[PDB]
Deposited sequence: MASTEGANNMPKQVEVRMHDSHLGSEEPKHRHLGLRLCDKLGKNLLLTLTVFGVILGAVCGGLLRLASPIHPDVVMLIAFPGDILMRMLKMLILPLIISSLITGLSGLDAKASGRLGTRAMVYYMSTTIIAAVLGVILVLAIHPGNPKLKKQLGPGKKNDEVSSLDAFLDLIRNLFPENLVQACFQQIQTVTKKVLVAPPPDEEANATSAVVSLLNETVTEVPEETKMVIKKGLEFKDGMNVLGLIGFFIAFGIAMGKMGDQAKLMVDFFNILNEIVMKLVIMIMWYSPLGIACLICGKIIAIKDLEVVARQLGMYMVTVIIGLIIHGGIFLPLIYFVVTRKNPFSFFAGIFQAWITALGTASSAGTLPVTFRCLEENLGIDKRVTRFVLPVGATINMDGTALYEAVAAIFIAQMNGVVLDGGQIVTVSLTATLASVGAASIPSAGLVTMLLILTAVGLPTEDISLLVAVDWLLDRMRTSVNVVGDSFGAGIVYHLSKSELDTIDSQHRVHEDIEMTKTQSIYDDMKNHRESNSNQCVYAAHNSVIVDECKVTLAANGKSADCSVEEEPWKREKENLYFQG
């Protein structure tokens, strides 16, 4: 993509400009603030779209776009995505690629799933505080999970209204279409905004090597998880359900997996993977035709794991320990954000800010992730496809009732 080319030029232009300035001389903090500042505007403009995206997206999906295969598929996609998100979380916490009550954390999480007030859910979340007399208190930070939960119920209830709700469905489609023209417009300013964030990050850092390590270990963590998720869990889950040889199964899809690494798009890989399951594995076109193109938008195991790893890496870098509820929010938002980084065009960065905002994390560090994203995007696209493929397998085998 031009935007993909522009964003990487952008990273370079900003990396080089960042060193030139860093090696040039100490940059007065008000001059770094300014070099960064257009990049802060980019984060502000994306964060501004999170709320209207969540509401538009949820309502349009759960109503507008709602058999046995369907449940089989949907149950598969969601299970695998949460597995990848949790694996992400487990792995990032174990390897810990970053260097700078428990019950309450869980009850605050459950509390925040049911916000007393929707406008207040939009910009504030509940917390427990110790006075040893405990109290609930508000804290700044959009209650994302609470809002999502409300809008899932809202959105399912609207489906259960059928055409009686068609005017409300239509209203929220238009809102989605608009809000998506804006996430596209803003993403055109993204290369310059990324440039400025990076340029501003290099100049601030005390020791490039510490950050090169930390970011390197961040890349090893994502590839570990994609390897575990792609190479063990998904095949293992196929064998456990199909009692079939997964090594046989891979043999068929290898054309697709090659295609995924090269294309870095599951949409471009789509016609290849139809062939690989229809011809080589011999999966019934019906089970394919449903599951492959649906899976190419909602199943993104690999994008789930990346987002979970990335979120805690940013947390860890900014010397934040996540409480048990934060780490559960990360798993649930990583899952959803995955589903929507794939469903919403050029929402990759929006969905990262969703995750960071949900856990109340400093957002400017997203710059280093944008920097290494281009290498990782081909590898997670591979795990993303392989998942969809195994699904075709697990659905067809579980669909011999027919």
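- Unmodelled regions (deposited sequence positions with no C-alpha coordinates, counted from 1) are 1-43, 110-113, 148-162, 194-229, 501-581.
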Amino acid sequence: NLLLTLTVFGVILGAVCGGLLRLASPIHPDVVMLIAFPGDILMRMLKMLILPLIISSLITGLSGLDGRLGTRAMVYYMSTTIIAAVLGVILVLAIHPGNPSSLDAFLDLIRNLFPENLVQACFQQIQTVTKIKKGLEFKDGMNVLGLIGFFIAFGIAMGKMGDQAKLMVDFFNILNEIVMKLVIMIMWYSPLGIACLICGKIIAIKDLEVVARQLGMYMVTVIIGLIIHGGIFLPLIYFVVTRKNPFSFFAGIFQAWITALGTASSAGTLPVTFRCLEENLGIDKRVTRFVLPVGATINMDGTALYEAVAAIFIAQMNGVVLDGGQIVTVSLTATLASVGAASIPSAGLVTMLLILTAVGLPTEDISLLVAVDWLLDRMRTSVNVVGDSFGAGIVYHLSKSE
From here on, numbers count along this sequence of modelled residues.
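Basically, rigid core = biggest C-alpha set you can superpose within 1.5 Å across the two forms.
- In 4 other deposited structures of this protein, superposed on the rigid core, the segment with the larger root-mean-square CA displacement between 37-45 and 338-346 is 338-346.
- Between stretches 67-75 and 89-97, the one whose Cα atoms sit farther from the displayed model in 4 other deposited structures of this protein on average is 67-75 (core-aligned, root mean square).
- For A153, the fraction of other compared entries lacking coordinates, among those that model flanking residues, is zero, nowhere near a third.
- Of the other structures of this protein that model both sides of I132, a third or more give it no coordinates.
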